[PDB]
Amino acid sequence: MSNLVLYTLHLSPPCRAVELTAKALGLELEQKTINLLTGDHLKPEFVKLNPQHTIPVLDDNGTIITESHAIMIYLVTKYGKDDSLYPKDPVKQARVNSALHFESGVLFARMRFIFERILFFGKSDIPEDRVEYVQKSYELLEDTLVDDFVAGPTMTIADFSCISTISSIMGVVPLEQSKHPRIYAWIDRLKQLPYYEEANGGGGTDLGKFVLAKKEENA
């Protein structure tokens, strides 16, 4: 059939989670750039694909899938050769599902509460409370990492959500190494992947850099 299509932007953290998932699955993704910065997500063809007007959005031969965590689950279920990235055991799957919602309701939400007002609303500060909210999220991630990976002894799509966000926010709200030895060790694991820098590492670094740059530019 047709190559999977991702409506996407490499700077976007949930887009990078899907790109790591694809690489892990040995899937090739056709990327169509939706540039948020020149407003492409609000242009009206894109709004028909996604009424929430967010990226990523998946086009699988006419089946449209919105939302990074739904996209990654969809890809593993349909294109996985096993369920190592997304367990089929109800209990180990619950540990993954709980970690995905941690990423969306805590890690990504708090990051967005910090980045969006700068990238999109023209602000030039990061308030004391935002810093504390984010740093609290780092601490929750540290406490969750009782195992090598976020949702157990094995790497799952919940690791990809988590690192796509953490690698972006770390260079704005500092993640100090000694308060956070478990996160540090975990980053190291994921960096061992052959596709890590390419599918996430650098896009994360660059998003952090870009927010600081646009913030001096807003002050």
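From 1 onward, residues are counted along the sequence shown.
- In this entry, 39 to 47 has the higher mean Cα B-factor, the comparison being between 157 to 165 and 39 to 47.
- In this entry, 128 to 136 has the higher mean Cα B-factor, the comparison being between 97 to 105 and 128 to 136.
- Highest CA B-factor among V211, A24, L9, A17, as stated in the entry: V211.
- Ranked against the other modelled residues of its chain, the C-alpha B-factor of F121 as given in the entry falls in the highest third.
- In this PDB entry, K179 carries a Cα temperature factor that places it within the highest third of its chain's modelled residues.
- For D89, the recorded CA temperature factor ranks within the lowest third of the chain's modelled residues.
- Placement of the Cα temperature factor of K32 within the chain: highest third of the modelled residues, per the deposited record.
- Among the modelled residues of its chain, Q192 has a C-alpha B-factor that falls in the highest third, as given in the PDB entry.
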